[PDB]
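Working notes, beginning with the structure itself.
What's counted below: heavy atoms across the whole structure, side chains too, no hydrogens, waters or symmetry copies. By convention in this document, chain letters (A, B, ...) are assigned in the order of the sequence lines, proteins followed by strands, and residues within each chain are numbered from 1.
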Amino acid sequence: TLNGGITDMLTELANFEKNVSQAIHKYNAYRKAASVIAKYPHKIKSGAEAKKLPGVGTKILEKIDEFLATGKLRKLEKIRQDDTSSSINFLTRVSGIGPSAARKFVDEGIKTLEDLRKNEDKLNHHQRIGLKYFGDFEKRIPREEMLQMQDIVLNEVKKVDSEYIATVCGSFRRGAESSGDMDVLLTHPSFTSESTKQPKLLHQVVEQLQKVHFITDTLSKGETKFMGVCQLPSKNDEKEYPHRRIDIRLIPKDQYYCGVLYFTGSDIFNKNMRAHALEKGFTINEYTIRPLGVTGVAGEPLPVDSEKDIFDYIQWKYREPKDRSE
DNA sequence: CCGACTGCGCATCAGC
DNA sequence: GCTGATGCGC
DNA sequence: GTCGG
Ligand SMILES: Nc1ncnc2c1ncn2[C@H]1C[C@H](O)[C@@H](COP(=O)(O)OP(=O)(O)C(Br)(Br)P(=O)(O)O)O1
Ligand SMILES: [Cl-]
Ligand SMILES: [Cl-]
Ligand SMILES: [Mg+2]
Ligand code: NA
Ligand code: NA
Ligand code: NA
């Protein structure tokens, strides 16, 4: 990667602002600058050259100059030496522990994996599962395992009702050679924007995946969104596979294209594309694209027959999933 | 100079 | 219980 | 932290 030193710096700065400063717009500004620099096809020689790119302003250009001259950023060197920042950043690596809870735990003297492990009763259910699988959730998933997981999920969904359609999205659908988790978009003709003619549509699928011991834990679960934990089966004498995060999102079948656009991402790609829609007078979510009136009020959903239709409304050339990894 | 920054489901809690 | 934040992770 | 008007 051509500018990895710079993008790593900006990412660590983004994480500092989110986790410690609790400054969500600085976090997003740093992530935006990292993303645009990551796609820039030249090795950056100067902060001024970087400042040409949209999202790199004066302050990041200065940081880039410092990094290029010295190989480091004093601001980050000091953050790394600060105990409270160090503790908060570590605690937020547990799934379910965010900026707020991390800072509250540090106040209470809970500041290490050992402290968490002996204070399990101070964790909510999500945090408790996050701690249990702390090590596993740091491991990435090779695409070859994602293919096995996909096969299980699709076949088990088929056994519940052959009219379900499950689509693995996320980085997998963008063609990545490894993924951080598995994201599954689910549809069924009974659930549309017009009516829900069968209950428990998501529950049935989760239950079947639990039945065959693929889903092992639940982080949260409602009528349309499941977040939990899964594990591939292993063979005789073989070490067990790590536990993996799995998300399942049930979307109205007639809104599949907005939903698969959303769940394919990346997150920054969605953010960039939704920001462009707003400039063009539309708002995009995982359900619909709608015009915005002058009052800022969204209007009726526009018809959508493909992912490209959504690109067309906002006057973007279509981008294949493999080219949305921003 | 400064308002606006993508969008939302599920968990948790406060106030009534 | 309901309603409306706030937190969190997508 | 960045940027459009
Ligand atoms: N804040 C956000 N805003 C808009 N869309 C978002 C979003 N967060 C997530 N999405 C959309 C967009 C996103 O692609 C999808 C899945 O969210 P994952 O967190 O699983 O992201 P992924 O791409 O699968 C990665 Br590379 Br992080 P992996 O999980 O393989 O490590 O939900
Ligand atoms: Cl901010
Ligand atoms: Cl909508
Ligand atoms: Mg994912
Ligand atoms: Na710029
Ligand atoms: Na966390
Ligand atoms: Na996910």
**OP:** Report the relative orientation of the aromatic rings in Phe269(A) and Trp316(A); use parallel for angles under 30°, tilted for 30 to 60°, perpendicular for over 60°.
**Re:** tilted
For [X], what residues pass the ring-ring contact (aromatic ring centres under 6.0 Å, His included) criterion, not counting sequence neighbours?
| X | answer |
| --- | --- |
| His203(A) | none |
| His243(A) | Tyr133(A) |
| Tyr241(A) | none |

In this structure, how many angstroms lie between the [atom2] atom of [N] and the [atom1] atom of [X], rounded?
| X | N | atom1 | atom2 | result |
| --- | --- | --- | --- | --- |
| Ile289(A) | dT6(B) | CD1 | P | 16 Å |
| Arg290(A) | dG7(B) | CZ | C1' | 10 Å |
| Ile246(A) | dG9(C) | CD1 | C1' | 16 Å |
| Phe282(A) | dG7(B) | CZ | P | 13 Å |
| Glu279(A) | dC5(B) | CD | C1' | 11 Å |
| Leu53(A) | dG1(D) | CG | P | 18 Å |
| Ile268(A) | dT6(B) | CD1 | P | 11 Å |
| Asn15(A) | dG1(D) | CG | P | 16 Å |

**OP:** Measure the shortest side-chain to side-chain distance between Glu120(A) and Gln127(A) over non-hydrogen atoms and say whether it is less than 4.5 angstrom.
**Re:** no
Original post:
Given the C1' atoms of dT2(D) and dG9(B), what is the spacing between them in whole Å?
Top reply: 30 Å
Are any protein N/O atoms closer than 3.5 Å to N/O atoms in nucleotides 9-13 of chain B? If there are, list each pair with its distance.
| residue | atom | partner | partner atom | Å |
| --- | --- | --- | --- | --- |
| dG9(B) | OP1 | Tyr287(A) | OH | 2.7 |
| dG9(B) | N3 | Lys225(A) | NZ | 3.0 |
| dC10(B) | OP1 | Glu223(A) | N | 3.1 |
| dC10(B) | OP1 | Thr224(A) | N | 3.0 |
| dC10(B) | OP1 | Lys225(A) | N | 2.9 |
| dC10(B) | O3' | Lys221(A) | N | 3.4 |
| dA11(B) | OP1 | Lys221(A) | N | 3.0 |
| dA11(B) | OP1 | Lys221(A) | O | 3.2 |

Regarding [X] and [Y], does a basic nitrogen lie under 4.0 Å from an acidic carboxylate oxygen?
| X | Y | value |
| --- | --- | --- |
| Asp312(A) | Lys308(A) | yes |
| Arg80(A) | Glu12(A) | yes |
| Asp323(A) | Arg174(A) | no |

**OP:** Validate the cation-pi geometry between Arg173(A) and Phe263(A): distance from NZ or CZ to the six-membered ring centre under 6.0 Å, angle to the ring axis within 45°.
**Re:** no
Subject >> From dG1(D), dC8(C), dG7(B), nucleotide with atom closest to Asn285(A) side chain >> reply: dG7(B)
**OP:** Report yes if a side-chain nitrogen or oxygen of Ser100(A) is closer than 4.0 Å to either non-bridging phosphate oxygen (OP1 or OP2) of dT6(C); otherwise report no.
**Re:** no
Counting any heavy atom closer than 4.0 Å, what does [X] reach on the DNA or RNA strands: base, sugar-phosphate only, or nothing?
| X | result |
| --- | --- |
| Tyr27(A) | nothing |
| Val94(A) | sugar-phosphate |
| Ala23(A) | nothing |
| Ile97(A) | sugar-phosphate |

Could you run down the sub-3.5 Å N/O contacts of the protein with nucleotides 2-4 of chain C?
none

**OP:** Scan for salt bridge (charged side-chain N to carboxylate O under 4.0 Å, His left out) pairs involving residues 156-170 of chain A, sequence neighbours excluded, and state none if there are none.
**Re:** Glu156(A)-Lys159(A)
